[PDB]
Amino acid sequence: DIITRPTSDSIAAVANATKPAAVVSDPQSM
Amino acid sequence: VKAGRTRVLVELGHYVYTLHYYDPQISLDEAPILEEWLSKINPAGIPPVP
Amino acid sequence: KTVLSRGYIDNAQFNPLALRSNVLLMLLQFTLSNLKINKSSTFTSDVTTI
(Lines give C-alpha, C1' and ligand atoms only; values in the text may rest on other atoms or scores of the structure.)
Protein backbone atom coordinates (compact mmCIF):
# COMPACT_ATOMS: atom_id res chain seq x y z
CA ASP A 1 0.00 0.00 0.00
CA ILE A 2 1.03 3.61 -0.60
CA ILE A 3 -0.34 7.04 0.28
CA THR A 4 -2.09 8.58 -2.72
CA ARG A 5 -4.96 11.03 -3.03
CA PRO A 6 -7.08 12.23 -5.95
CA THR A 7 -6.10 15.56 -7.42
CA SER A 8 -8.45 18.52 -7.18
CA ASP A 9 -11.34 18.16 -9.60
CA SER A 10 -10.59 21.45 -11.35
CA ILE A 11 -7.04 20.37 -12.20
CA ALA A 12 -8.17 16.97 -13.46
CA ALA A 13 -10.81 18.53 -15.71
CA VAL A 14 -8.44 20.94 -17.45
CA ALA A 15 -5.72 18.29 -17.67
CA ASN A 16 -8.02 15.80 -19.37
CA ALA A 17 -9.13 18.47 -21.84
CA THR A 18 -5.71 18.72 -23.50
CA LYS A 19 -4.71 15.15 -24.37
CA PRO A 20 -3.95 14.71 -28.08
CA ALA A 21 -3.87 11.26 -29.62
CA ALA A 22 -0.40 9.75 -29.47
CA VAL A 23 -0.77 7.64 -32.63
CA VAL A 24 -2.78 8.78 -35.65
CA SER A 25 -3.39 7.39 -39.14
CA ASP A 26 -1.24 9.40 -41.54
CA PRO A 27 -1.06 8.06 -45.10
CA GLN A 28 2.43 9.55 -45.42
CA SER A 29 5.74 8.48 -43.87
CA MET A 30 8.29 9.27 -46.62
CA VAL B 1 16.01 8.39 -37.02
CA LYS B 2 15.44 4.70 -37.69
CA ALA B 3 17.27 5.20 -40.94
CA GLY B 4 20.85 6.28 -40.42
CA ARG B 5 20.11 9.91 -41.25
CA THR B 6 19.18 11.70 -38.01
CA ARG B 7 20.37 11.95 -34.42
CA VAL B 8 18.12 13.38 -31.72
CA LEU B 9 18.93 14.65 -28.23
CA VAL B 10 16.05 14.75 -25.75
CA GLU B 11 16.67 17.12 -22.85
CA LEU B 12 15.40 15.52 -19.66
CA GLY B 13 16.40 16.68 -16.22
CA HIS B 14 15.60 13.48 -14.37
CA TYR B 15 13.36 10.56 -15.16
CA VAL B 16 12.23 7.09 -14.19
CA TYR B 17 14.09 4.47 -16.20
CA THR B 18 13.37 0.81 -16.86
CA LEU B 19 15.54 -1.70 -18.66
CA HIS B 20 15.32 -5.09 -20.35
CA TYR B 21 17.97 -7.80 -20.43
CA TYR B 22 18.42 -9.72 -23.67
CA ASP B 23 20.57 -12.58 -24.88
CA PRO B 24 23.67 -11.62 -26.89
CA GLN B 25 23.17 -14.62 -29.18
CA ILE B 26 19.79 -13.42 -30.48
CA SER B 27 19.71 -10.83 -33.25
CA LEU B 28 16.90 -8.31 -32.93
CA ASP B 29 15.76 -4.80 -33.79
CA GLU B 30 14.69 -2.77 -30.77
CA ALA B 31 12.54 -0.25 -32.64
CA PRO B 32 9.21 -1.68 -31.34
CA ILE B 33 10.19 -0.97 -27.73
CA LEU B 34 10.75 2.71 -28.48
CA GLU B 35 7.59 2.95 -30.57
CA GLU B 36 5.60 1.52 -27.69
CA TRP B 37 7.27 4.02 -25.38
CA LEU B 38 6.37 6.84 -27.76
CA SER B 39 2.81 5.55 -27.99
CA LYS B 40 2.09 6.56 -24.37
CA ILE B 41 3.62 10.04 -24.21
CA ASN B 42 1.21 12.95 -23.87
CA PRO B 43 1.30 16.53 -22.56
CA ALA B 44 0.26 15.16 -19.16
CA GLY B 45 3.12 12.74 -18.52
CA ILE B 46 5.43 10.06 -19.86
CA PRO B 47 6.13 6.41 -19.19
CA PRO B 48 9.57 5.33 -17.95
CA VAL B 49 12.40 5.30 -20.45
CA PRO B 50 13.27 1.76 -21.60
CA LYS C 1 -38.43 44.52 -39.31
CA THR C 2 -39.20 45.93 -35.88
CA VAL C 3 -41.39 48.82 -37.06
CA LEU C 4 -43.07 50.16 -40.19
CA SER C 5 -42.79 46.71 -41.73
CA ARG C 6 -45.56 44.56 -40.23
CA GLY C 7 -48.14 44.51 -42.99
CA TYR C 8 -46.53 46.86 -45.48
CA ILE C 9 -43.64 44.98 -47.10
CA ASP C 10 -43.21 41.41 -48.25
CA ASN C 11 -41.71 38.69 -46.08
CA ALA C 12 -38.63 38.67 -48.33
CA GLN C 13 -38.05 42.44 -48.52
CA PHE C 14 -36.87 45.17 -46.19
CA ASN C 15 -38.11 48.73 -46.05
CA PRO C 16 -35.34 50.99 -47.40
CA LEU C 17 -37.14 54.16 -46.31
CA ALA C 18 -37.24 53.19 -42.61
CA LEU C 19 -33.73 51.78 -42.33
CA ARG C 20 -32.44 54.21 -39.71
CA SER C 21 -35.21 53.51 -37.21
CA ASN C 22 -34.96 49.74 -37.54
CA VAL C 23 -31.19 49.84 -37.15
CA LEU C 24 -31.52 52.03 -34.08
CA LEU C 25 -34.02 49.68 -32.48
CA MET C 26 -31.85 46.67 -33.29
CA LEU C 27 -28.86 48.28 -31.61
CA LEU C 28 -31.02 49.14 -28.60
CA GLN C 29 -31.94 45.48 -28.22
CA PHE C 30 -28.28 44.60 -28.64
CA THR C 31 -27.43 46.98 -25.82
CA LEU C 32 -30.15 45.83 -23.44
CA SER C 33 -29.21 42.20 -24.00
CA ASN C 34 -25.72 42.70 -22.54
CA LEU C 35 -26.70 44.37 -19.27
CA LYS C 36 -25.03 41.85 -16.97
CA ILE C 37 -22.40 41.46 -14.28
CA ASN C 38 -19.22 39.65 -15.31
CA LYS C 39 -19.05 37.28 -12.36
CA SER C 40 -15.86 35.54 -11.34
CA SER C 41 -15.36 31.77 -11.42
CA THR C 42 -12.98 29.07 -10.21
CA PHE C 43 -9.44 29.81 -11.32
CA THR C 44 -6.94 26.98 -11.36
CA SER C 45 -3.48 26.09 -12.61
CA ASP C 46 -2.62 23.42 -15.17
CA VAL C 47 -0.03 20.72 -14.55
CA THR C 48 0.19 20.25 -18.30
CA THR C 49 3.42 20.99 -20.13
CA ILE C 50 1.64 23.65 -22.20
# chains A, B, ... in the order shown; residues from 1 in each chain; ligands from 1
>>> select_by_dssp(residues="chain B", states="helix (DSSP H, G or I)", output="list in words")
residues 31, 32, 33, 34, 35, 36, 37 and 38 of chain B
>>> residues_around(residues="range 10-20 of chain A", least_positions_apart="4", cutoff="9 Å", atoms="only C-alpha atoms", output="short mmCIF file (atom, residue, chain, number, x, y, z; two decimals) with N, CA and C atoms, in the first residue's frame")
data_model
loop_
_atom_site.label_atom_id
_atom_site.label_comp_id
_atom_site.auth_asym_id
_atom_site.auth_seq_id
_atom_site.Cartn_x
_atom_site.Cartn_y
_atom_site.Cartn_z
N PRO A 6 -6.64 11.64 -4.68
CA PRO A 6 -7.08 12.23 -5.95
C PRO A 6 -6.74 13.70 -6.02
N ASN B 42 2.21 11.92 -23.63
CA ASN B 42 1.21 12.95 -23.87
C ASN B 42 1.61 14.18 -23.07
N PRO B 43 0.95 15.32 -23.31
CA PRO B 43 1.30 16.53 -22.56
C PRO B 43 1.11 16.40 -21.06
N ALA B 44 0.47 15.33 -20.59
CA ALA B 44 0.26 15.16 -19.16
C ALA B 44 1.42 14.44 -18.47
N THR C 42 -14.03 29.83 -10.88
CA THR C 42 -12.98 29.07 -10.21
C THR C 42 -11.73 29.08 -11.07
N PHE C 43 -10.73 29.84 -10.65
CA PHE C 43 -9.44 29.81 -11.32
C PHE C 43 -8.61 28.64 -10.82
N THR C 44 -7.79 28.09 -11.71
CA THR C 44 -6.94 26.98 -11.36
C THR C 44 -5.72 26.98 -12.27
N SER C 45 -4.68 26.28 -11.83
CA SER C 45 -3.48 26.09 -12.61
C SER C 45 -3.55 24.77 -13.36
N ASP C 46 -2.69 24.63 -14.36
CA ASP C 46 -2.62 23.42 -15.17
C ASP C 46 -1.26 22.77 -14.96
N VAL C 47 -1.27 21.46 -14.75
CA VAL C 47 -0.03 20.72 -14.55
C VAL C 47 0.48 20.25 -15.90
N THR C 48 -0.20 20.66 -16.96
CA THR C 48 0.19 20.25 -18.30
C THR C 48 1.43 21.00 -18.75
N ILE C 50 1.94 22.47 -21.40
CA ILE C 50 1.64 23.65 -22.20
C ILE C 50 1.35 24.83 -21.28
#
>>> residues_around(residues="range 21-32 of chain B", least_positions_apart="4", cutoff="9 Å", atoms="only C-alpha atoms", output="PyMOL selection string")
chain B and resi 2+36-37
>>> residues_around(residues="residue 22 in chain C", least_positions_apart="4", cutoff="7 Å", atoms="only C-alpha atoms", output="PyMOL selection string")
chain C and resi 1-3+18+26
>>> write_last_selection(atoms="N, CA, C and O atoms", output="JSON list (two decimals), in the first residue's frame")
[["chain", "number", "residue", "atom", "x", "y", "z"],
["C", 1, "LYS", "N", -37.01, 44.35, -39.06],
["C", 1, "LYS", "CA", -38.43, 44.52, -39.31],
["C", 1, "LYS", "C", -39.17, 44.81, -38.02],
["C", 1, "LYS", "O", -40.26, 44.29, -37.77],
["C", 2, "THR", "N", -38.57, 45.63, -37.16],
["C", 2, "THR", "CA", -39.20, 45.93, -35.88],
["C", 2, "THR", "C", -40.42, 46.82, -36.06],
["C", 2, "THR", "O", -41.47, 46.58, -35.45],
["C", 3, "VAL", "N", -40.31, 47.86, -36.89],
["C", 3, "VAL", "CA", -41.39, 48.82, -37.06],
["C", 3, "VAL", "C", -41.57, 49.13, -38.53],
["C", 3, "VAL", "O", -40.70, 48.88, -39.36],
["C", 18, "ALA", "N", -37.20, 53.17, -44.07],
["C", 18, "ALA", "CA", -37.24, 53.19, -42.61],
["C", 18, "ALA", "C", -36.00, 52.55, -42.01],
["C", 18, "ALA", "O", -36.04, 52.07, -40.87],
["C", 26, "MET", "N", -32.65, 47.88, -33.40],
["C", 26, "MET", "CA", -31.85, 46.67, -33.29],
["C", 26, "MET", "C", -30.66, 46.87, -32.37],
["C", 26, "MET", "O", -30.37, 46.02, -31.52]]
>>> atom_distance(atom1="CA of residue 49 in chain B", atom2="CA of residue 19 in chain B")
7.9 Å
>>> closest_residue(among="B:46, B:38, B:1, B:9", to="chain C", atoms="only C-alpha atoms")
B:46
>>> atom_distance(atom1="CA of residue 29 in chain C", atom2="CA of residue 8 in chain C")
22.6 Å
>>> atom_distance(atom1="CA of residue 17 in chain B", atom2="CA of residue 47 in chain B")
8.7 Å
